[PDB]
Every structure is written in structure tokens, then in C-alpha cells.
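Each chain is listed here by its residues.
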Amino acid sequence: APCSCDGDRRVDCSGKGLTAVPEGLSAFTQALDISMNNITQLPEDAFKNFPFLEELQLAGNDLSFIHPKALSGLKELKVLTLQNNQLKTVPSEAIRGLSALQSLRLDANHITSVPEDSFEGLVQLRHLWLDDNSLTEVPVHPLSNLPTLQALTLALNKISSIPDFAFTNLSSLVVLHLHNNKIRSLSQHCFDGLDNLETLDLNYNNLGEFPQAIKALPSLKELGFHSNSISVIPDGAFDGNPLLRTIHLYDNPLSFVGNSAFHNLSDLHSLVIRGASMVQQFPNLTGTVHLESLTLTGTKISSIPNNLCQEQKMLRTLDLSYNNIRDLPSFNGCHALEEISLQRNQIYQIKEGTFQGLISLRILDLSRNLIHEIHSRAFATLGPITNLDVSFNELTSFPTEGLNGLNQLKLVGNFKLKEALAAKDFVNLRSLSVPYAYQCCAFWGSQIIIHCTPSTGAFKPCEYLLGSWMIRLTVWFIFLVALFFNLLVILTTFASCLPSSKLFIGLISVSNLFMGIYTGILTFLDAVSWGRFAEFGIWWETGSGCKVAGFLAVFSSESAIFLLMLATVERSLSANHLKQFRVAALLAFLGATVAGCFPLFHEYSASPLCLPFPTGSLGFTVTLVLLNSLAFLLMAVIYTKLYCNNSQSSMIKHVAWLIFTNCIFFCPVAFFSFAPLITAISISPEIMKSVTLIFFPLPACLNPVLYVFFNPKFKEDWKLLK
């Protein structure tokens, strides 16, 4: 086939790379399609062989120059297309005989300018396209020869401004597109004569002032000018546009908006305003009763008018975030509204009648406010609510009537909400997020799974504080032994009436007795609250008892590591000083106090075991660990010198055993104290909590044991005591 064909008397020579006009075709060819080839010019009477031509298509052909008699002879074709070409100037002297055109597609061309005598004889054209071009000005004079043009596009060009009386002859214009353009300014009377204009396009431009000249476009129904540089919509700017019904103005530096500028718009269907910070009061909405959305964000208004919902009967979406509203009105008569999103405001209270008559509500966003009280019956009138977001407020008690269908609930940030909510009034709940991890223990941490957020575990226990009945029974002996044997050592040491060795041993017995007092407090708490801990956990962690428990635990643990680093400096120094060793044993019992009194003011609240480093803030924990490690290193370094260096032989043996036991028993706690750094090969918190719970009070359990059944001076002093 010289050239691919079809059965509707049409030749479709696409995809062939012709270098000339096809020949030998039928004289009855209805449409000549020769697109996507490589011909650059046509001789005269190139299309004389086709007297009955209607649809000529040579787009994507890359024409360069046209002979001013080649296209002649076509006195009856309809649509001419020459896009994706490189025509520098319009065939103005060649389109004179093209008197039967209906659409001239000269877009996607290299047109830089049109001549004055263009568009003559085209009295039947309907569509004009000059898109993706390089025209510097609007062709006013040539456009004057188009009295019946129906749709004109002038976008993607290099025009900077449109002068006055530049569009009078286009009496049948209906579509005007000027997007991705550079025009900056326009005159008062530039747009006159377009009485039939219905859709106007000006977006993606740079007009710095409101195009007030739109007062003469009565038939405008779509108005898009978004992504511009406008900052004030004046007062009364849409008087001449009553049939208008869709405004586009988003992404602009709108700073101020007039109070009565949005009135008498009966066909408006949407309204979005974000960033008008200079607006102080709610706009006048008289005459606009068919609107479906009000998105007023970034504004300083303070009071919702008390009758929007008796006038806007078709409202569906209400978004008033990022405002300064303080008082909320009655929402009765808002039947079709389903998208209330009042957030980032200054509302402080919710009344009974605030949310009455809302039968179609489905979304609520009352977060980031200062609501301190909510009525019990407030939510009893609502219908099929699904989302309720009240997080990050100042609530103390949460009503529960009429919230059985809440699919998703959010409550985080209400720190003063101590009361624990029940699981009977939220049977149809899918996602919950509460202020304290122990309020989640009542939804179980059937068919579907809730997903609580502050998450429970073993360092935030939900039934037992200690663990199984093995960690329980061993903490009960470490308490009994550390109490009774320490009391016995104190009694025999400080009631025989001392040298500077015996006094130090008695003081390390006092600081072990206080540690035993701390672990006893822990086991009584576990015992009282057996079988349930949610009831007592909130009262314990946010209470004041945890402060005393932590004070005793840290004080007993660091007053016995500095009273054993001063007892190695009294043996190395026997290789005089009764006064000084007695005034340095007060500065060890008062230096210890500072550390505990300290975490009490600046923490003891990240575990129920009330310690500072079971887990680890990167403050007190790392400092305690570093100080204890250096003291133990120096303690061994000092004794190492004495190691290489009667009653003196018996005391040396006792202090060496004390230092070995205390060094050995401390390594598990130090090693597992750095849990986040190494995760202990993804060790379970339950397992490591156990070992940091048993092995921590252990050293202050055999110090008075080792000393009472294996040291010569305990026998003698016992006998001088009877």
C-alpha cells in the first residue's frame, strides 16, 4: 500500500516518513492525515488533487516554510492542524483562501509574531489555539477579524499585559485561558465587550493587585486566579458577577479580606481562606445560602456568629482551626454537617446544649484547647460519631454517655486525668490513646484487637509488681536477713564501749540497715496490691511515696560505697588520726544525702521499683555509674599496693572480702544498667528486670552475714555484751 488506509474514505499515512505529497490517492478523500513524517516544505498546488477535503492533519510533521499558493484550492475543509511544528510566522498570506475553517491549531509552534493582515476571510472559525508559543503581545488587530470566535486559548506565552479595548470584537467568546503566563497588569476597561464570557482563567500569573476590571463580566460562572500575588480582596469585588459559582484563590499572600466582600453570591458552592491574619471579625454571609464548606484558618476572629446554622442549611464541612475563638454557640439546625474541626483555639468549656441537634455528625477535632470541664450529657444527643479527638487539653473528668460507637478515640496530653475509664461503655472501639499506661490495662493490654498506645509490659506492670513466685520469695528472704543480722551487728558494735576500724564497720552496717528498710517497703507494696496493680499504680507513680522510697534506696546505696573507700584508706595507712577519721565519716553520710535529695528536685517515676537506673534522661544515671566505677577501681588499686606489703592480719582479711563481694555483686547491675546502648542482644525487659531486682540489694545482705559467722572479733564482743 503506497500508504495505510481505512474504510471511511480517509487516508491515514501516519508513521511512514514521507518526503513529498502523497500521490495517486482518490479524489474523494474526506480526510488527509500525513502526520509523523519528515517533509519540510510543499510546492504550489500541493493539495490540488483533493477537491473534496475536510480534515487536513499535518501536525508533528516539523514544517519550516510554506509556499503562498500550495494550500490553495481547498475551499471546503473543516479543521486544520499544524501543532508540534516550527512555524515562525503564521501563514497569514496562505490562510486567506481557507475560508471554510472551523479550528486552526497553530499551537506548539515557534510562532514569535503574527502579521497585521492575518485572519482575513476566516469568518467561520470556532476554535483558536496559540498554546506553547512565544508570542510577546496579544494580537488585538488580527483578533478584530474574528466576530464569531467561540473559544480562544492564549496560555504558555511571553505576554506581560493586556491593554484597554483589547477584546471588543469577540462577541461570541465563551472560554478564555491565560495560565502559565507573565502578564502583570491590566487596565480598567481592558475586558469590556465579552458579555458571553463564562469561564475566565488567570492562574499561574503575577498580578499584584486585584483585577477590579471584572465588573463587566456578568456571565462569569467559573473564576480561577489561584497561585497569584494578591494581598487584599477589596470590599464589594463581585457585584458584577451574580452568576458566578466557583472561585479558585488558594496559595496567595491574602492578608486582609473585606467584611461584606462575600455577599450576594447565591451560586457559590465552596469557600476556603487560609492566612488572613488581619481579619478580626466573621465575614457577612447574607445572600449566600447554598454553600457547602467554610475553611477559615490562620485568622484572628474571636466569636462564631450565633446563627450560621439557621441560615447555611446545606453545610457539610466546618474547619475553624488556627483561630482565637473562645466561646462556642448552639449547634442546633446543622443537620447535614458532619466535619466539625475546631482545633488550636481558646475554648475552655463545653455546655449541655453546645452539641444538641447534630444527627449526622461523624468527625470531631476539639484538641489543642483549654477545655477544663465538659458536661456529662454533652455527647448524649449526638448520633453515629466515629472519631473523637480531645487530646492535649486540661480535662479532669471525661463523660461517657452516648459514645458506644467510637471507632477511634484519642486522649493523650490530659495529664490531670487520674481516673481510669471502664471498658463497658466502649464496646465498639478500634483505636485508643490514653494519658498514663495503666489505664490501658482494662482493655486487655475475642475477634478484633484494640491498639492502646502508652504501651504496658513488665517495667509498667498490670497485675503483679515483682514477677513469678520465685522473684517474690527471694526478695522476702533478702529483706528478713538484711533486717535481723544488721540489727545484731549494730547492737554488738556500738554498745560494748572505739578504735578507727570498728567504727567504720559499724557505720557500713547502719547504711545496710537503711537499704533493708527500702526493700521491705517494696515487698509490702507488692503484698498489699496482689492480683491487681492498675488501681494502685497511678496513685503510686504520681504520688509522693515514691519520692521517699527513692530517697532511701539511693541514699543507702551510695553511703556504703564511700564508707568502704574510706575503710581501705585506714588499712593502707596502718603500714595519729582518731579525730580525722571521725570527722570524715560525717562528710560521707552528708555527701551521700546530697545525691538522693538531688534527684528529688529536677527521675523517680519511670518504673514502679522507684529507682533511677533500673533502665537508665541521660543525667543522674550515667553520673552515678561513672562515680561508682572509679571508686571501685581506686579501692582495688590502693589495696593492690598493700597486698604486696597478730590482730592486724585478721582486719586485713575482713576488708579484702568486703571489697571482693561488693565488686562481684555490682557487675550485673552496671552491665544491665546500659540496656539502651547494647540491648543485651535484644534481651527481654522482663528477664533483665528480674536480675536487676534480685542482685541489687544482695551486697547489703551478706555484709552482716560474712562478718558474723567468720570473724574473730564478733565472738569477743558478743561475750563482753552479756
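Residues numbered from 1 in each chain as written, not as in the entry; some residues may be left out. Heavy atoms only, no water. Residues with missing side-chain atoms left out of burial classes, pairs and counts.

### Details of the nonpolar core
With 130 residues, the main nonpolar core has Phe47, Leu104, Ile247 and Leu342 as its most contacted residues. Elements with a contribution of two residues or more to this core: strand 17 (293–297) and helix 2 (308–311). With residues up to four places along the chain from it excluded, the contact list for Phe47 reads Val21, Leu32, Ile34, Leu42, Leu56, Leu58, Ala70, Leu71 and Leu74. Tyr438, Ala549, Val554 and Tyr604 belong to the second-largest nonpolar core, a separate cluster that totals 30 residues. (Core = buried A, V, L, I, M, F, W, Y, C linked by side-chain atoms within 4.5 Å. Buried < 20%, exposed > 50% of the residue type's maximum accessible area, 1.4 Å probe, protein only. Helix = DSSP H or I, 4+ residues; strand = E, 2+ residues; numbered from the N terminus. Contact = heavy atoms within 4.5 Å.)

### Topic: the environment of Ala20
Note on placement: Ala20 falls in the loop between strand 1 (10–12) and strand 2 (31–33). Residue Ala20 is classed as partly exposed on the basis of its relative accessible area, which comes to 41%. Each C-alpha atom of the pair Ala20 and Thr40 lies 8.8 Å from the other, and the pair is 20 residues apart in sequence.

### Let's talk about the sheet that holds strand 9 (residues 175–177)
Strand order in the open sheet made by the 11 strands is 1-2-3-4-5-6-7-9-11-12-14, with parallel pairing throughout. At either margin of the open sheet sits one strand with a lone partner, and together these are strand 1 and strand 14 (247–248). (Pairing = 2+ DSSP bridges.)

### Observations concerning the pattern of salt bridges
Tallied over the full model, the rule gives 15 salt bridges. Close ionic contact of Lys221 with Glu198 constitutes a salt bridge, the shortest N to O distance being 4.0 Å. Of the two residues, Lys221 sits in the loop between strand 11 (199–201) and strand 12 (222–224) while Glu198 sits in the loop between strand 10 (185–186) and strand 11, which places them 23 residues apart along the sequence. Overall, the relative accessible area of 25% leaves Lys221 in the partly exposed class. Given a relative accessible area of 32%, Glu198 falls into the partly exposed group. With a closest N to O distance of 3.6 Å, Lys502 and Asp717 form a salt bridge. Classification of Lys502 by relative accessible area gives partly exposed; the value is 22%. (Salt bridge = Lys/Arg side-chain N within 4 Å of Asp/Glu carboxyl O.)

### A closer look at the state of the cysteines
Following the criterion strictly, the structure yields 5 disulfides and no others. Note that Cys3 is cross-linked by a disulfide to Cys13, the S-S spacing being 2.0 Å. Of this pair, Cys3 sits in the segment before strand 1 while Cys13 sits in the loop between strand 1 and strand 2, placing them 10 residues apart in sequence. Here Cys441 pairs with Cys462 through a disulfide, and the sulfurs are 2.1 Å apart. One quick way to see it: the torsion about the S-S bond of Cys441 and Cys462 is about -130 degrees, and its sign makes the bridge left-handed. Take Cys462: its relative accessible area is 31%, and that puts it in the partly exposed class. Take the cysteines of the protein chain that form disulfides and number them in order along the sequence; they join up as 1-2, 3-4, 5-7, 6-8, 9-10. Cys610 supplies the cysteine sulfur nearest to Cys597, a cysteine that is in no disulfide, at a spacing of 15 Å. Judged by relative accessible area, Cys597 falls into the partly exposed class, the value being 27%. In this structure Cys663 is a free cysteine whose sulfur lies 7.1 Å from that of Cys667, the closest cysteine sulfur available. (Disulfide = S-S within 2.5 Å.)

### Some points on the UniProt feature "disulfide bond" in the protein chain
Of the UniProt disulfides, the one joining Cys3 and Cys13 is satisfied here, as the sulfur distance of 2.0 Å falls under 2.5 Å. Exposure remark for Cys3: the relative accessible area of 10% places this residue in the buried category. Annotation check: the disulfide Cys440-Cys452 recorded in UniProt is satisfied, the sulfur-sulfur distance being 2.0 Å, below 2.5 Å. (UniProt positions renumbered as here; feature names shortened; annotations may be inferred.)

### Observations concerning a negative patch on the surface
Among the surface-exposed residues, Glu93, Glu116, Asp117, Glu120 and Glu137 lie close enough to one another that they form a single negatively charged patch. Positionally, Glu137 belongs in the loop between strand 6 (127–129) and helix 1 (140–143). By relative accessible area, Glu137 is classed as exposed at 57%. (Patch = residues over 30% accessible without salt bridge, like charges linked within 9 Å, V, L, I, M, F, W, Y side chains within 5 Å. Areas by Shrake-Rupley, 256 points an atom, 1.4 Å probe, with all protein chains shown as cover. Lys, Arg positive; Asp, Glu negative; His and termini not counted. Charge placed at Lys NZ, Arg CZ, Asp CG, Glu CD.)

### Describing empty space enclosed by the protein
Empty space within the largest cavity amounts to approximately 380 Å³. Of all the secondary structure elements, the ones that give two or more residues to the lining of the largest cavity are helix 4 (502–528), helix 6 (545–558), helix 9 (620–643), helix 10 (647–673) and helix 13 (699–709). Each residue belonging to the lining of the largest cavity can be placed in one class, and the counts come to 20 nonpolar, 9 polar and 1 charged. Each pocket or cavity is described by its volume, and for the second largest cavity that value is around 160 Å³. Of the residues belonging to the lining of the second largest cavity, the class tally is 14 nonpolar, no polar and no charged. (1 Å grid on protein atoms, 1.4 Å probe; cavity = no way out; pocket = protein on both sides within 12 Å on 5 of 7 lines; lining within 4 Å. Points joined across faces, edges and corners; volume = space filled by probe spheres on them. Nonpolar A, V, L, I, M, F, W, Y, C, P; charged D, E, K, R; others polar.)

### As for the UniProt feature "transmembrane region" in the protein chain
When the UniProt feature table is mapped to this numbering, "transmembrane region" covers residues 475–495, 504–524, 549–569, 581–601, 618–638, 663–683 and 690–710. Helix and strand shares over residues 581–601 are 57% and 0% respectively, and the end C-alpha atoms of the span are 31 Å apart. Secondary structure across residues 663–683 divides into 71% helix and 0% strand, with the first and last C-alpha atoms of the span separated by 24 Å.

### Overview of the pairing of strand 17
In terms of burial, strand 17 is largely enclosed, as 5 of its 5 residues are buried. What you see with strand 17 is no split at all: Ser293, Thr295 and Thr297 on one side and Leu294 and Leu296 on the other are buried throughout. Relative to strand 17, strand 16 (residues 272–274) runs parallel, the two sharing 3 bridges. In the sheet register, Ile273 faces strand 17, and the bridge partner there is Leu296. Where strand 17 lies against strand 18 (residues 317–319), 3 bridges are found, and the strand directions are parallel. If you follow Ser293 over to strand 18, its bridge partner there is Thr317.

### Things to note about the packing of helix 3 (residues 471–493) against helix 12 (residues 685–694)
Orientation of helix 3 relative to helix 12, taken along the N-to-C sense of each, is 15 degrees, at an axis distance of 10 Å. Relative to helix 12, the element helix 3 is oriented roughly parallel. For the pair helix 3 and helix 12, the sense of crossing is left-handed. In contact with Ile471, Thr474, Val475 and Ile478 of helix 3, helix 12 contributes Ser690, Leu693 and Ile694. Split into classes, the residues belonging to the contact of helix 3 with helix 12 amount to 5 nonpolar, 2 polar and no charged. (Axes fitted to C-alpha atoms, helices over the stretch in contact; angles between N-to-C directions. Parallel < 35°, antiparallel > 145°, perpendicular 65-115°, else oblique. Left-handed = near helix turned anticlockwise from the far one by under 90°.)

### So, the side chain of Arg10
Assignment of secondary structure puts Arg10 in strand 1. Other than its neighbours up to four places away in sequence, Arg10 contacts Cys5, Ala31 and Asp33.

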